[PDB]
Amino acid sequence: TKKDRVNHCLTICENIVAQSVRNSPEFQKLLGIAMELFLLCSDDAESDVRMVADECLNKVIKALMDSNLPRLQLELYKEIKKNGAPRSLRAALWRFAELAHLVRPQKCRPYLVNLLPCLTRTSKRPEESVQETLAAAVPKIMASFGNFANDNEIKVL
């Protein structure tokens with residue numbers, strides 16, 4: 001049934017964006033649980049649950065980019081590292097490729113080293129939907145991180 005999941009998503013979404021403090025550790029615990037909730041709902045059989053969780057990811061990202069990118073991008077990476085179902089993987093992949101230009105020079109080297117194993121796993125997959133998302137993601141990820149690579153890391157890619 002769509003109604004239970006739609007109402008749960010929209011409730012968690014509205015609770016997180018309406019909260020003004022945006023900086024406590026308990027808010028970051030709740031935020032991780034919401035990124036897990038919406039990226040799970042991105043894979044649901046019911047099309048309304050997918051559409052709502054996509055709108056909730058886009059809302060909660062744009063509501064928090066001034067305050068919590070260093071956890072929004074961590075949870076999107078924690079989904080790409082799992083190598084899961086096509087929809088939840090894609091729902092993290094294209095979002096992480098948008099947010100890649102906002103990452104600090106202080107963290108580009110860590111994120112590249114952590115993403116090379118993900119990029120060389122997601123490249124193996126038979127799904128043309130995942131491969132067409134990866135074709136949009138690589139040009140944006142490498143424009144953000146490609147100066148932080150060693151020559152051997154480029155060759156492995």
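Bear in mind that the values in this text are calculations on the coordinates, not laboratory data. So basically every Cβ, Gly included, is an ideal-geometry build from the backbone, and we count neighbours across all protein chains shown.
Figures for the structure shown
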{"read-out": "Likely footprinting exposure, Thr1, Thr11, fewest C-beta neighbours within 10 Å first", "value": "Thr1, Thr11"}
{"read-out": "For region 86-157, average projected area of the Cα convex hull in nm²", "value": "4.5 nm²"}
{"read-out": "When each of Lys2/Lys78; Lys59/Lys81; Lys3/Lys140; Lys29/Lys81 is checked by Cα-Cα distance, pairs over 31 Å", "value": "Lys3/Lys140"}
{"read-out": "Förster-model FRET efficiency, 30 Å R0, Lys78 and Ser20, C-beta, rounded to 0.05", "value": "0.70"}
{"read-out": "Over 20 Å [Cα-Cα, the chain], rounded percent", "value": "51 percent"}
